[PDB]
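Observations on chain architecture
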Amino acid sequence: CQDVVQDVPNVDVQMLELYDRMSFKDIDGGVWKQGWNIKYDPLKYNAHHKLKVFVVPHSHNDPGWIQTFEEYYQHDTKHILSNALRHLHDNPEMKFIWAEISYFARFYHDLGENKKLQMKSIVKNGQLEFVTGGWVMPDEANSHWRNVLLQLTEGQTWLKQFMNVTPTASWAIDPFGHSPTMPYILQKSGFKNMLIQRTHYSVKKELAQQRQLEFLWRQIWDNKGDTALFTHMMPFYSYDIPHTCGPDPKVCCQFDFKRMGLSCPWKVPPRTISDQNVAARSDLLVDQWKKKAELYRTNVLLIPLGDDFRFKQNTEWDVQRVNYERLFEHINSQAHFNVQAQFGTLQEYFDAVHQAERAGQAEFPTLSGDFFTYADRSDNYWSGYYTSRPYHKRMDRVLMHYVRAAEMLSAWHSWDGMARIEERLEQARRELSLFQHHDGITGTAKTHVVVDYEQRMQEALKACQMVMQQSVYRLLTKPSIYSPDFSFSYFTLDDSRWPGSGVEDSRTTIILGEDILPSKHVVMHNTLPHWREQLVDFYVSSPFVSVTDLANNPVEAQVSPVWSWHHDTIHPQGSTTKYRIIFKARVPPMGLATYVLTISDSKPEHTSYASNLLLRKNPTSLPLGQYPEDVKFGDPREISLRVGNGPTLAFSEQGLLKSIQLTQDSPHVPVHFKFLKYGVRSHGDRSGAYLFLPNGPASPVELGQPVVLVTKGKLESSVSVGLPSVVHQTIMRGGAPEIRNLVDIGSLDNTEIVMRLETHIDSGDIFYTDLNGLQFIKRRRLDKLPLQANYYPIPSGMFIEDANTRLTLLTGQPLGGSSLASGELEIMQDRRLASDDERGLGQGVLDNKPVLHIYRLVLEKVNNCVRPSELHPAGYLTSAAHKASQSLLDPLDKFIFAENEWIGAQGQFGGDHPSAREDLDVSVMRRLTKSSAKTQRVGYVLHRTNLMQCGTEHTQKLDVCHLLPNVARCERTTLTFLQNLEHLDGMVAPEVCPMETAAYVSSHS
Ligand SMILES: [Zn+2]
């Protein structure tokens, strides 16, 4: 296994290094506004050195943007694919690429067997070529790598099953910036090449000047270069026809034959090609092709031909095809050009380029880094969509977990198809996969489409719940008794974090009474492959509740009131009728643990009760029903809480973190939480769904006299405050604290609420942010770039550090963030925007809703951690910060038994499961076969992260091949499970390197 910490890789282009020595001057370049006047020596070409031109027709289909998936399908896509089928069949030289398998599967299943067989033949003879073959073309900023893999697997599994094809070339023309997470996943899913488009105009220029637009893209830690994937970056402003033929859109636009209610912004129409004009038109077009070709190293040239929802009408197919045939006919027949031009596919382009490389014509440069933050022109940076519609950004992370848990829980057995497990999981994977779309998780869709994404994720959440509860009941009910009704709710799920009480008071109360119902079974699930002890909580009808395991062993517990926040100013109210019972669940690896909540007359031996202090001016008292410890009152003051041997936090009199003492004999290190506002420019460019165009630095939010609630217990204490827009909360359980913001931006038009941390950590201009929750990349704040250019995606976490200290903020949701000054972290909470940012969405963001954002805050000493070289472009979390991220993304699942009595009940599942090293995760467990298959197969994805070593154990080799019994074989596979890469003679899974991801499939007899 490579070391990923001391060996800095040697690459031709390192984006962080490149960014430092880039001027980013926005020179007007000419006809190519963001580049220069391209010159070629025309004696470059002759009969032995021809230009080979691949014109590749395409149709960019959004699975939701201005219209819903189903709207666009009925209005546009089903016509595009009907016409593709007809026209390609009738025209053997005509070609077409297709990316979005969600739309293709919708179309294909509605065809007759004849059409279906017509479709297969035009895919078989390579006329219709699938590119990437993901369910969607996903967002690359906000998406978790798990969901990128999920949507890829969903698309390519469909393609294998129904087309017997597996694409090896990716097409990513529309995501708003590009992540190295894509080549990472693609290179481990069999891919050989990938195409990208949406990169900063200064980056297109810098690279075009060195002919570094095609590059071997490796990961930022990869010394050897086994992660390398061949990447073509398109050189111009857009993927449309005016921006794909060559450097002068005025010319290129005249070769968009559909534009003869569509016209050319540059006011020169396309003209029908004739014998009259063909020589003149071919000269114009080949001169464009030869200019574009100067930018690349081979004599092979990629010319995309398409745009959004193109190739819809039968006549658009004719007019594009026939005019380009005449051109090719003239051009290929005329030696003075030294061009061979034809319709081709993306794979044909890449094959030809590698034949040129193999034949010694070009050797390609190596690149590491990312392509964030994207700017299409001047100072219009696309950092807004890192935060837009943050409710659904949070919902993505919640549904991410429920799909993993539902797939894992149900994987342990084969189900009779009567149960409809397969159908639920398929619906759930697909709704999650569709939301990965670059107008889904981005929050760049119209209000009604966002509503559709939300209703789809809501259905999906409910399908997961039904699979999870049926699974738990089977796993923990004596087989001698197990006799399931597949349509019955044996458990309801309890989730204290989605949507969050405050977003919707809809957690069930467990009603106990010594006559009516004295005890209740609950079950915790732990999807992680190691032992976990995590405080869980339930709503209960009495405060006199005791916890036991099923062996009646007592478990220590704390009871807190249920608190709610209300508004004239903003104050808490206590329930007189329900309480929180809190206790430490201990759950096996990928396992279940049963506990029992029992009522008594009075304070039970093993249940403590939290105090409640309402730091408010001018008080009026609050009853809490039978809650034994009466709420205390007082005036605003500073407070200091500790829980367990964990940190001691100090707080202002507004209930905002002021400082953290780690250990008992260590200093009170300053750490100020603070809420600010960014607004919108009155003059010039307006912020929207996509763009972050702030009117100068953010300014403080007036807090007034905020009512500060303090709850203090043995197992959990918290400091909550009612701020304008935000109920801010610091929860303590004996380690890194948890931050919760109920964000209600309400009606504050043209406002972005940010949460900043101010420290004395000597970070300088350095901060780290994660990419797709997979890897942490080094950022340098660049004063030469405006504010919005120093904003980066925060899909999982950000951190600053100096010689001695590091502070890491982990997120439960993807959000925008920066370190705009030394020792600071900031992360945007929500944004409301009256104005459109003129990228075609035709609305602002005025559909905000309450969201509960969740964080963990890890202050740490790193002076005794082996930190990577100062030249290394990557950072790595500690164990503490990694486990803190796991507690946000994949917490324990809580189940409440629905019925009075549970005959069969067992207290544990997975006690015998191996407890793998802290840096290893079973990302995916998924059964691949239905019951009516003689060999059961189960797929596992293993990710091993890399944790900073600071010297601290005792675990046990996990081998996923033996997890289920009667293993007849297992294979190392592609991450989609679709290809075998290594027959494993042992039927043992070999161990996995730091930052590596590997898939295995185990077969059972
Ligand atoms: Zn798009």
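Looking at the method and resolution fields of the entry, one finds X-ray crystallography and 2.1500 Å.

Right, let's talk about the overall build of the protein chain for a bit. Scanning the protein chain from terminus to terminus reveals 15 helices and 50 strands. Over its C-alpha atoms the protein chain spans a radius of gyration of 30 Å, differing by no more than 12% from the 30 Å that the globule rule assigns to 1005 residues. Dimensions along the principal axes, computed over C-alpha positions, put the protein chain at roughly 100 × 65 × 55 Å. Within the protein chain, the fraction of its 1005 residues that count as buried is 64%. Only carbon and sulfur atoms are counted for the fraction: they give 48% of the accessible area of the protein chain, which is about 36500 Å². For the protein chain, the distance from the average position of its 104 positive side-chain charges to the average position of its 115 negative side-chain charges is 2 Å.

Before going further, it helps to spend a moment on the sheet that holds strand β21 (residues 607–609). Pairing is mixed across the open sheet formed by 5 strands, whose spatial order is β13-β15-β19-β18-β21. Looking at the sheet topology across the chains shown, the edges are occupied by β13 (509–510) and β21. The pairing of strand β18 (residues 557–567) with strand β19 (residues 570–587) spans 10 bridges and is antiparallel. Residue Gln 558 lies in a different strand from β19, and its bridge partner there is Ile 582.

A separate point is the packing of aromatic side chains. Inspection of every chain in the model, using the stated rule, returns 55 aromatic pairs. Here the aromatic rings of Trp 32 and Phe 236 are separated by 5.0 Å at their centres, their planes lie at 85°, and the arrangement is edge-to-face. Within this pair, whereas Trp 32 is found in the loop between α1 (15–20) and β2 (51–60), its partner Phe 236 is found in the loop between β8 (229–233) and α8 (249–252), the two being separated by 204 residues in sequence. With centroids separated by 6.2 Å and ring planes inclined at 20°, the aromatic side chains of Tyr 579 and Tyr 627 adopt a geometry described as stacked. You can see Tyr 579 sitting in strand β19 and its partner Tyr 627 sitting in the loop between β22 (611–615) and β23 (632–634), a full 48 residues away along the chain. The pair formed by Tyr 579 and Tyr 627 is uniform in burial state, with each residue classed as buried. In this structure an aromatic cluster arises from ring pairing among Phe 176, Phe 372, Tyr 374, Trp 382, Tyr 385, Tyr 386 and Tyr 690.

Alternating residues of strand β24 (residues 639–642) divide into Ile 639 and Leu 641, all buried, and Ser 640 and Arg 642, none buried. When β24 meets strand β25 (residues 648–651), the two strands line up antiparallel, connected through 4 bridges. When the sheet's bridge partners are listed, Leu 641 is paired in β25 with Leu 649. Counting the residues that bridge the hairpin from β24 to β25 gives 5 residues, and of these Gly 644 lies at a positive phi of roughly 55°.

So, on to the pairing of strand β50 (residues 997–1004). When you tally the buried positions in β50, you get 8 out of 8 residues, the bulk of the element. Burial along β50 is two-sided: the face carrying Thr 997, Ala 999, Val 1001 and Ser 1003 and the face carrying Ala 998, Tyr 1000, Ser 1002 and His 1004 are both buried. Bridge analysis of strand β47 (residues 936–944) against β50 gives 8 bridges, and the strand direction is antiparallel. Along β50, the bridge assignment pairs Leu 942 with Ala 998. Judged from the 6 bridges that link them, strand β48 (residues 967–973) and β50 form a sheet pairing that is antiparallel. When the bridges of β50 are listed, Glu 971 appears paired with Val 1001.

Here we take up the side chain of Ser 238. With respect to the element layout, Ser 238 can be found in the loop between β8 and α8. Among the polar contacts listed, one links the side chain of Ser 238 to the backbone nitrogen of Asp 240, at a separation of 3.3 Å. The residues touching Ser 238, leaving out its near neighbours within four places in the chain, are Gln 197, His 243 and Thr 244.

Right, let's get into the packing of helix α12 (residues 390–411) against helix α13 (residues 421–435). Helix packing for two helices is described by the angle between their axes and how far apart those axes are. At a minimum axis separation of 10 Å, α12 and α13 run at an interaxial angle of 150°. Here α12 is positioned roughly antiparallel relative to α13, judged by the angle of their axes. For the crossing formed where α12 meets α13, the hand is left-handed. Residues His 392, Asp 396, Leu 399, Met 400, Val 403, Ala 406, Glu 407 and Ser 410 of α12 form the contact with α13, whose own contacting residues are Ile 421, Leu 425, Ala 428, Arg 429, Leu 432 and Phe 435. Tallied by class, residues from the contact of α12 with α13 come to 9 nonpolar, 2 polar and 3 charged.

This next bit is on the state of the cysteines. A covalent bond between the sulfur atoms of two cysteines is what we call a disulfide. Inspection of the entire model under this criterion finds 5 disulfides. Between the sulfur of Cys 253 and that of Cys 264 lies a disulfide, 2.1 Å long from S to S. Of note, the bridge from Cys 253 to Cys 264 carries an S-S torsion of about -100° and is left-handed in sense. Overall, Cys 253 belongs to the buried group, its relative accessible area being 0%. Its relative accessible area of 9% is what places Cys 264 among the buried residues. Across a sulfur-sulfur distance of 2.0 Å, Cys 865 and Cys 950 are joined as a disulfide pair. Residues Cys 865 and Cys 950 share a disulfide whose torsion about the S-S bond is about 100°; that sign makes it right-handed. In this pair, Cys 865 is assigned in the loop between β42 (851–861) and β43 (874–875) and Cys 950 in the loop between β47 and β48, connecting sequence segments 85 residues apart. Disulfides within the protein chain link the bonded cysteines, taken in sequence order, as 1-10, 2-3, 4-5, 6-7, 8-9.

Below, the discussion takes up the UniProt feature "binding site: Zn(2+)" in the protein chain. The sites that UniProt annotates as "binding site: Zn(2+)" are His 60, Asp 62, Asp 174 and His 438. Here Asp 62 shows up in the loop between β2 and α2 (69–90). The buried category is assigned to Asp 62, whose relative accessible area is 3%. The residue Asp 174 is located in the loop between β5 (169–172) and α6 (181–187) in this model.

Tracing the backbone through its elements, the reader meets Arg 146 in helix α5 (residues 145–163). Take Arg 146: its relative accessible area is 11%, and that puts it in the buried class. A distance of 2.7 Å separates a polar atom in the side chain of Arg 146 from a polar atom in the side chain of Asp 890. Those residues within four positions of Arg 146 in sequence are excluded, and the remaining contacts are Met 400, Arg 404, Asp 890 and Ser 923.

The rules we used
- All residue numbers start from 1 on each chain and follow the order of its written sequence rather than the entry's numbering, and residues without coordinates are excluded.
- Calculation of side-chain values draws on the structure's entire complement of heavy atoms; hydrogens and water are dropped beforehand.
- Secondary structure elements follow DSSP: runs of H or I of four or more residues count as helices, runs of E of two or more count as strands, with numbering from the N terminus.
- Note on method: radius of gyration uses C-alpha positions; expected globular size equals 2.2 Å times residues raised to 0.38.
- Using a 1.4 Å probe on the protein chains alone, a residue whose accessible area is under 20% of its type maximum counts as buried, one over 50% counts as exposed, and one in between counts as partly exposed.
- The protein chains shown are the only cover counted for residues, whose accessible areas, like all others here, come from Shrake-Rupley with a 1.4 Å probe.
- Charge convention: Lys and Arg are scored as positive, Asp and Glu as negative, and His as well as the terminal groups of each chain are ignored.
- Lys charges are placed at NZ, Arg charges at CZ, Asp charges at CG and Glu charges at CD.
- At least two DSSP bridges between two strands are needed for those strands to be called paired.
- Here a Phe, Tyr or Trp ring, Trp counted by its six-membered ring, pairs with any other such ring whose centre lies within 6.5 Å, and the pair is stacked when the planes are under 30 degrees apart, edge-to-face when over 60, and tilted otherwise.
- Polar contact is the term for a pair of N or O atoms within 3.5 Å; when the atoms are in protein, one must be able to donate a hydrogen and the other to accept it, and sequence-neighboring residues count only if both atoms are side-chain atoms.
- By definition, residues are in contact when any of their heavy atoms lie within 4.5 Å.
- To obtain each axis, a line is fitted to C-alpha atoms, and for helices this fit is confined to the stretch in contact; angles are then taken between N-to-C directions over 0 to 180 degrees.
- Throughout, the term roughly parallel applies to angles under 35 degrees, roughly antiparallel to angles over 145, roughly perpendicular to angles from 65 to 115, and oblique to all others.
- Throughout, a crossing is termed right-handed when the near helix is turned clockwise from the far one, and left-handed when it is turned anticlockwise from it by less than a right angle.
- Three categories are distinguished: nonpolar for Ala, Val, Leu, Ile, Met, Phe, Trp, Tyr, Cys and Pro, charged for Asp, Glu, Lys and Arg, and polar for the others, with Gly belonging to the last.
- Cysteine sulfur atoms are paired as a disulfide whenever they come within 2.5 Å of each other.
- UniProt positions are given in the numbering used here, feature names are shortened, and annotations may be inferred rather than shown by experiment.

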